[PDB]
Structure formats: C-alpha cells, structure tokens
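Engineer: So that we are looking at the same thing, I have put the structure below in structure tokens.
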Amino acid sequence: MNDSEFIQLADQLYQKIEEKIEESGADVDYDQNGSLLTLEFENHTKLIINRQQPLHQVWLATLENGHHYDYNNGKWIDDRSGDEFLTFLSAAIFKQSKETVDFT
Ligand SMILES: [Eu+3]
Ligand SMILES: [Eu+3]
Ligand SMILES: [Eu+3]
Ligand SMILES: [Eu+3]
C-alpha cells in the first residue's frame with residue numbers, strides 16, 4: 001500500500017464511522033481535526049482515532065490502552081489481538097455511553 005491509497009482507505013473509514021454514528025442516532029459527538037477523529041460522549045470521556053500515514057496504520061486510544069491497526073482482509077485489524085477495529089469500536093462506545101452503534 002502507498003500513501004495515496006492509505007489516504008483513500010482511511011478517509012473511507014472516517015466517513016463510515018461518522019455516517020454510522022448518524023444512522024444510529026446515538027449521542028456521540030464527532031470532530032475530525034486533521035489526522036484525528038475525536039469521539040466525545042455525554043459523560044465527557046473520549047475515544048481518539050489517529051491516522052499514521054508512514055506506517056499505514058490507524059491508532060485508537062481508549063481510556064485504558066492504545067491499539068494499532070493494519071488493513072488486512074478488507075478490514076482494519078489489531079496487530080496484537082487480531083481484533084477488528086469496528087467491532088472493537090462498537091463495544092468501546094457501548095461501554096462509555098451504553099448506546100449502540102453498529103459499523104457492520
Ligand atoms: Eu499500489
Ligand atoms: Eu447528527
Ligand atoms: Eu453534544
Ligand atoms: Eu473540524
């Protein structure tokens with residue numbers, strides 16, 4: 001994967017997260033600031049998603065831990081756990097808002 005393609009895939013990922021938040025009607029605020037996509041919940045907690053172009057990775061920061069994802073198999077995959085990014089994100093959103101956003 002080159003830089004231009006990573007950009008395409010990551011842009012699609014960010015729009016999908018934003019779109020699915022819209023489909024869901026969930027009370028999750030989103031703001032993209034450059035490479036960052038910040039999700040804020042009504043309890044003032046946050047999930048921060050960051051693009052790292054030179055590594056062709058997407059990074060997620062939860063309240064406890066950081067996670068780094070590769071595009072594998074048409075999906076974004078955690079490089080330690082093998083967990084898929086969007087399944088994991090749905091669960092994190094749920095833990096912090098108890099609202100439900102499906103990205104599948
Ligand atoms: Eu190529
Ligand atoms: Eu709206
Ligand atoms: Eu609000
Ligand atoms: Eu903005």
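To be explicit about the labels: the chains of the structure tokens are called A, B, and onward in the order shown, and within each one the residues are counted from 1, while ligands get numbers from 1 in the order they are shown.
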Kindly work out which residues sit at most 8 Å from ligand 1, using only C-alpha atoms and all ligand atoms, and give the list as a list in words.
Structural biologist: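 Checking only C-alpha atoms and all ligand atoms against ligand 1 at 8 Å gives residues 1, 2 and 5 of chain A.
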Engineer: Which neighbours of residue A:37 fall inside 6 Å, counting only C-alpha atoms, when residues of the same chain fewer than 2 positions from it are skipped, and could you give them as a PyMOL selection string?
Structural biologist: chain A and resi 31-32+49
Engineer: Find the residue from A:80, A:95, A:56, A:20 that sits nearest to ligand 2; use only C-alpha atoms and all ligand atoms when measuring.
Structural biologist: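 Checking each candidate against ligand 2, we get A:20 as the closest.
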Engineer: Grab the atom CA of residue A:93 to atom CA of residue A:61 distance for me, in Å with one decimal place.
Structural biologist: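 So the two atoms, atom CA of residue A:93 and atom CA of residue A:61, lie 12.2 Å apart.
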Engineer: Among chain A, which ones does DSSP place in alpha helix (DSSP H), written as a ChimeraX atom specification?
Structural biologist: /A:3-24,85-97
Engineer: I'd like the interatomic distance between atom CA of residue A:51 and atom CA of residue A:81, to a tenth of an Å.
Structural biologist: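 Computing the Euclidean distance for atom CA of residue A:51 and atom CA of residue A:81 yields 19.3 Å.
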Engineer: In Å, with one decimal, what is the gap from atom CA of residue A:100 to atom CA of residue A:45?
Structural biologist: 16.0 Å
Engineer: Apply DSSP to the backbone of this structure and, from chain A, keep only the residues in strand (DSSP E); write these as a PyMOL selection string.
Structural biologist: chain A and resi 28-33+36-41+46-52+57-61+66-72+75-78
Engineer: Which one of A:76, A:69, A:30, A:88 sits closest to residue A:52 if you count only C-alpha atoms?
Structural biologist: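 Comparing A:76, A:69, A:30, A:88 against residue A:52, the winner is A:69.
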Engineer: Residues within 10 Å of ligand 3 (only C-alpha atoms and all ligand atoms), as a VMD selection string?
Structural biologist: chain A and resid 27 to 30 40 to 42 44
Engineer: Store the residues picked out above, limited to C-alpha atoms, as a short mmCIF file (atom, residue, chain, number, x, y, z; two decimals), in the first residue's frame.
Structural biologist:
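The resulting part20.cif:
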```cif
data_model
loop_
_atom_site.label_atom_id
_atom_site.label_comp_id
_atom_site.auth_asym_id
_atom_site.auth_seq_id
_atom_site.Cartn_x
_atom_site.Cartn_y
_atom_site.Cartn_z
CA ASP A 27 -25.40 10.70 21.31
CA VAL A 28 -21.79 10.53 20.21
CA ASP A 29 -20.19 13.74 19.05
CA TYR A 30 -17.50 13.55 16.37
CA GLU A 40 -16.89 12.55 22.73
CA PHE A 41 -19.61 11.13 24.97
CA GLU A 42 -22.07 12.91 27.20
CA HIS A 44 -17.11 13.79 28.86
#
```
Engineer: Closest to ligand 2 among A:26, A:91, A:13, A:7, using only C-alpha atoms and all ligand atoms?
Structural biologist: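 With only C-alpha atoms and all ligand atoms as the atom set, the closest residue is A:26.
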Engineer: Which residue is closest to ligand 4? Choose from A:33, A:15, A:50, A:24 and count only C-alpha atoms and all ligand atoms.
Structural biologist: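 So, comparing all the options, the nearest one is A:33.
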Engineer: Which residues are near ligand 2 in this structure, taking near to mean any atom at most 8 Å from a ligand atom and counting only C-alpha atoms and all ligand atoms? Format them as a VMD selection string.
Structural biologist: chain A and resid 21 to 22 25
Engineer: In terms of the shortest atom-to-atom distance over only C-alpha atoms and all ligand atoms, which of A:92, A:36, A:86, A:55 is closest to ligand 4?
Structural biologist: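 Comparing A:92, A:36, A:86, A:55 against ligand 4, the winner is A:36.
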Engineer: Tell me which of A:90, A:23, A:59, A:46 sits closest to residue A:77, counting only C-alpha atoms.
Structural biologist: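 That would be A:59, the residue with the smallest distance to residue A:77.
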